[PDB]
K.L.:
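What follows is a single structure, and I will ask about it in a moment.
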Protein chains: 2
Amino acid sequence: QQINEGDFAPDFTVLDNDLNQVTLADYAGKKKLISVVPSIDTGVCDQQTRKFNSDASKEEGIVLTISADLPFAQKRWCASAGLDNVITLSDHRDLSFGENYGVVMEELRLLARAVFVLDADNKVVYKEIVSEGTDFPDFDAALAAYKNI
Amino acid sequence: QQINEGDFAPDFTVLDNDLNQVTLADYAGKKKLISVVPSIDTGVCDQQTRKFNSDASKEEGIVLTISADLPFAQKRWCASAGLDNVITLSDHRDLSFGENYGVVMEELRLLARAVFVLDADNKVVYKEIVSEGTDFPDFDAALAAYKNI
């Protein structure tokens, strides 16, 4: 459907890099910054992933990266980047996350670039679906929503 | 559903590493070794890809690697491998190839490890769908079938 700020976040089922099922409850009690990309194997999406992960206080909450990349791509990316502190989750099987959050590019079977921030109660306190022609998501706005919780 | 030796090769629509559509007709007039993999970003599948590519004469026919990997992962694999003579194709979008050739692992939305050898008029002259828990395909038998055409 469409996610509106103020609404409770819908649950989803995605896969970790070890092929385990992950749902929103696996991060119970934490704030979340959910960064959605078309592919981690593209340059702009790489840069988005790295910047949210470096800039967001991970002592205070969780940064999720969600894409239609296979789990095997996402695991290889983390190894290649030399980062073991970066959570990547794969919506490839079902587009559970993408359908529930309204970010599927249907003609591509890829997820649209987007950002959600959820408070510790899964209240949606920020949303950006990145527009046509826009260089990057608004890092600062999302990061401020996250830090304010 | 099930392609058997002596049947004709179905059509398919897949993507090349630059997101161009590719179909059976784009390889008209040539014999084909089609190597199917769950993901090029796994070790066993990396080795399968490299072995068929190295051991099959490409003065002889075409060696195709098909998986559900995104095009971006396949592009990155070729680039990082320094392999500019390996054809990788992505069935991610629609599973056109995997459904037509009967090789989807439907509970995972990945392609089963499998090998089809096609003569120049697209008769299937050799097939293996690799059994669950067997180490590798029979490289020698498929390569023999290919070389014999």
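So that the names make sense, note that chain A is the first sequence line, chain B the second, and so on, each numbered from 1.
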K.L.:
If hydrophobic clusters are built by linking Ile, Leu, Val, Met, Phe, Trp and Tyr wherever their side-chain heavy atoms come under 4.5 Å apart, do A:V14 and A:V63 end up in the same one?
P.N.:
no
K.L.:
Between B:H92 and A:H92, is a side-chain contact (heavy atoms from CB on, under 4.5 Å) present by the stated rule, with each step listed?
P.N.:
CA-CA 9 Å; B:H92 79 104; A:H92 89 90; over 6 Å; no
K.L.:
Other residues, nucleotides and ligands only: do more than 12 of their heavy atoms fall within 6.0 Å of NZ on B:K51?
P.N.:
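Yes, enclosed.
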K.L.:
Identify whether B:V117 and B:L64 are in the same connected component of the hydrophobic contact network (ILVMFWY, side-chain heavy atoms under 4.5 Å).
P.N.:
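No: no chain of side-chain contacts under 4.5 Å links B:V117 to B:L64.
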K.L.:
As an exercise, state the distance from CZ of A:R109 to CG of B:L15, rounded to the nearest 0.5 Å.
P.N.:
12.5 Å
K.L.:
Hey, any chance B:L89 and B:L83 share a hydrophobic cluster, counting ILVMFWY side chains that come within less than 4.5 Å of each other, even indirectly?
P.N.:
no
K.L.:
Heavy atoms under 4.5 Å from chain A: which residues of residues 27-39 of chain B carry them?
P.N.:
B:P38, B:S39
K.L.:
Below 4.5 Å from any heavy atom of chain A, which atoms of B:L108 appear? Answer side chain, backbone, both or neither.
P.N.:
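The answer is both parts of B:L108.
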K.L.:
Verify the cluster assignment for B:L143 and B:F136: are they in a single hydrophobic cluster under the rule of side-chain heavy atoms below 4.5 Å apart?
P.N.:
yes
K.L.:
Might you confirm whether atom CD of B:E60 has over 12 heavy atoms from other residues, nucleotides or ligands at distances under 6.0 Å?
P.N.:
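For B:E60, atom CD is crowded (more than 12 foreign heavy atoms under 6.0 Å).
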K.L.:
Between A:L110 and B:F72, is the side-chain contact (heavy atoms from CB on, under 4.5 Å) condition met? List the steps.
P.N.:
CA-CA 11 Å; A:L110 292 178; B:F72 316 109; 3.9 Å; yes
K.L.:
Checking the side chain of B:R93 only, and the main-chain atoms of A:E107 only, is there a donor and an acceptor separated by less than 3.5 Å?
P.N.:
yes
K.L.:
Can you tell me how far apart CG (B:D69) and CG (A:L70) are? Round to the nearest 0.5 Å.
P.N.:
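B:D69 CG to A:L70 CG: 5.0 Å, rounded to 0.5 Å.
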K.L.:
For atom CG of A:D84, decide whether the heavy atoms of other residues, nucleotides or ligands shown that lie under 6.0 angstrom number more than 12.
P.N.:
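For A:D84, atom CG is not crowded (no more than 12 foreign heavy atoms under 6.0 Å).
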K.L.:
So for atom NZ, which belongs to B:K127, do other residues, nucleotides or ligands contribute more than 12 heavy atoms lying within a distance under 6.0 Å?
P.N.:
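Count over threshold, so yes.
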K.L.:
Side-chain heavy atoms nearer than 4.5 Å, only ILVMFWY residues, links allowed to pass through others: does that put B:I62 and B:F52 together?
P.N.:
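No, B:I62 does not connect to B:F52 through the hydrophobic network.
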